[PDB]
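Student: For reference, each letter of the sequence shown is one residue, going 1 to 146, 159 to 301 in the entry's author numbering.
Dropping the structure in here first, questions after.
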Amino acid sequence: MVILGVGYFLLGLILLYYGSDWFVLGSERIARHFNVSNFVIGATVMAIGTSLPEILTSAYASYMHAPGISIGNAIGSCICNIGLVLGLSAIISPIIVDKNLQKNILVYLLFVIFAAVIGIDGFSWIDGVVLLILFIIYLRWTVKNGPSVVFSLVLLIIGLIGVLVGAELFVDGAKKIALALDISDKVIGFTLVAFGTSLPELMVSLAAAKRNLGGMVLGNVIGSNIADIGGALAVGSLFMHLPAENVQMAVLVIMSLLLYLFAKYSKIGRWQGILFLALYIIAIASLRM
Numbered sequence: 001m002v003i004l005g006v007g008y009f010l011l012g013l014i015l016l017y018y019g020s021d022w023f024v025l026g027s028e029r030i031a032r033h034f035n036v037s038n039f040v041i042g043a044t045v046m047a048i049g050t051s052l053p054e055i056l057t058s059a060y061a062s063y064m065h066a067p068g069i070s071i072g073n074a075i076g077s078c079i080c081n082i083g084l085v086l087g088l089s090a091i092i093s094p095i096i097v098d099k100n101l102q103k104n105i106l107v108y109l110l111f112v113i114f115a116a117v118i119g120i121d122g123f124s125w126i127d128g129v130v131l132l133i134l135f136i137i138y139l140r141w142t143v144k145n146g159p160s161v162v163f164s165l166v167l168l169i170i171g172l173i174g175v176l177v178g179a180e181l182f183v184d185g186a187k188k189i190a191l192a193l194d195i196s197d198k199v200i201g202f203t204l205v206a207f208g209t210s211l212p213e214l215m216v217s218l219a220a221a222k223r224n225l226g227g228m229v230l231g232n233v234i235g236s237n238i239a240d241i242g243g244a245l246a247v248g249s250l251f252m253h254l255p256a257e258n259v260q261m262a263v264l265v266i267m268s269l270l271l272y273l274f275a276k277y278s279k280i281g282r283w284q285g286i287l288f289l290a291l292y293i294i295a296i297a298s299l300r301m
């Protein structure tokens with residue numbers, strides 16, 4: 001059995017490391033035959049693709065009459081996107097923050113503090129429909145202020173496809189292997205899920221940062237978080253009311269904040285993502301692990 005798991009792990013791991021580029025590559029090749037800042041493409045199309053599964057999980061999950069999943073993990077996916085994903089991706093390649101976007105960084109922030117407050121009461125369908133709306137509003141907005161275009165499209169798709177699929181196979185594999193070692197859990201596997209579902213977001217962000225394209229990294233991180241909220245989470249609330257995770261919410265803000273700091277106020281990189289990590293570290297160290 002383990003065999004097939006291992007065969008997944010690799011076969012995944014490869015597609016992961018390849019799609020991450022191919023998607024980032026093909027995405028930018030669109031971005032520059034379409035005029036959008038290597039940011040915005042990441043903040044829209046790429047944030048969608050990466051967060052695309054966590055939506056279909058979130059929809060399905062809350063409908064299974066057990067919607068605690070659709071929220072508390074949809075946040076780790078944001079916290080990770082900053083604390084870990086953005087945290088590290090800074091260290092490798094510092095990201096330039098020009099006046100064109102720090103208004104946007106702050107706009108994203110409001111979305112957090114908004115969703116954050118309206119979350120204490122949990123998330124009625126109402127509580128949720130606002131978000132899909134704002135989510136859309138945020139898009140036509142962020143988007144308006146940014159036969160050769162054939163190939164790129166393929167790369168984007170196939171890259172994307174490969175990422176998401178690889179992550180499944182990878183995870184699929186790394187699981188059986190993890191059990192074949194006899195150290196199982198519905199909590200390590202979990203710690204490795206609030207952490208291991210933005211695995212795509214992680215890669216596509218790292219593989220972009222590999223190529224000194226911080227606009228993508230940021231946009232990817234900013235947008236995915238919104239997608240995790242305005243898109244994914246909010247679809248969960250449609251089916252059922254979602255419980256209050258106000259603690260993990262409290263953190264997201266603090267994290268989402270230190271982010272806004274080094275935006276209109278300074279630049280991000282090496283020596284900060286350390287703190288994010290340190291912060292992402294201390295977060296897990298005592299969070300709904």
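Even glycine gets a Cβ: it sits at the ideal position worked out from N, Cα and C.
Is it true that the CB of residue 15 sits closer than 8 Å to the CB of residue 175?
Tutor: In this structure, residue 15 lies closer than 8 Å to residue 175 by Cβ.
Student: Since residue 247 contacts residue 59 with CB under 8 Å, what's their CB separation in whole angstroms?
Tutor: 5 Å
Student: Am I right that residue 39 and residue 230 are in contact with their C-beta atoms under 8 Å? What's the rounded C-beta distance?
Tutor: 6 Å
Student: Alpha carbon to alpha carbon, how far is residue 144 from residue 119?
Tutor: 29 Å
Student: To the nearest angstrom, how far is the alpha carbon of residue 199 from that of residue 273?
Tutor: 34 Å
Student: Verify whether the separation of the beta carbon atoms of residue 245 and residue 71 is less than 8 Å.
Tutor: yes
Student: Please confirm if residue 186 has its CB atom under 8 Å from at least one CB of chain D.
Tutor: Given the protein chain composition of this structure (a single chain), no chain D is represented.
Student: At what residues does the alpha helix (DSSP H) containing residue 182 begin and finish?
Tutor: 163 to 192
Student: Are residue 233 and residue 100 touching if we call contact CB-CB under 8 Å?
Tutor: no
Student: To the nearest angstrom, how far is it from the Cα of residue 132 to the Cα of residue 54?
Tutor: 15 Å
Student: Could you round the C-beta distance between residue 277 and residue 83 to whole angstroms and report it? I think they count as a contact, below 8 Å.
Tutor: Residue 277 to residue 83, Cβ: 19 Å. No contact.
Student: Could you give the distance in angstroms between the alpha-carbon of residue 172 and the alpha-carbon of residue 107?
Tutor: 27 Å
Student: Within a Cβ cutoff of 8 Å, which residues of the same chain sit near residue 207, ignoring the five residues on either side of it in sequence?
Tutor: Excluding residues within five positions, the ones whose Cβ falls inside 8 Å are 76, 80, 84, 296.
Student: Mapping DSSP to helix, strand and coil, what is residue 251?
Tutor: It is helical.
Student: Between residue 138 and residue 111, is the Cβ-Cβ spacing less than 8 Å?
Tutor: yes
Student: May I ask you to report which of helix, strand or coil DSSP gives residue 266?
Tutor: helix
Student: Mind listing, in chain order, the continuous alpha helix (DSSP H) runs of no fewer than 4 residues lying wholly within the segment 122 to 146?
Tutor: For the segment 122 to 146, the full-length alpha helix (DSSP H) segments reaching 4 residues or more read 125 to 144 along the chain.
Student: What separation, rounded to the nearest whole angstrom, lies between the Cα atoms of residue 283 and residue 159?
Tutor: 43 Å
Student: Give me the residue from 286, 45, 222, 21 with the minimum Cα distance to residue 270.
Tutor: 286
Student: For the candidate residues 142, 123, 68, whose alpha-carbon lies nearest to that of residue 102?
Tutor: Taking each of 142, 123, 68 in turn and checking the Cα distance to residue 102, the smallest one comes out for 142.
Student: In three-state terms, what does DSSP make of residue 195?
Tutor: DSSP, reduced to helix, strand and coil, places residue 195 outside both helices and strands of the structure shown, so it counts as coil.
Student: Who are residue 95's beta bridge partners in DSSP?
Tutor: 280
Student: Between the Cα of residue 136 and the Cα atoms of 32, 44, 36, which residue gives the shortest distance?
Tutor: 44
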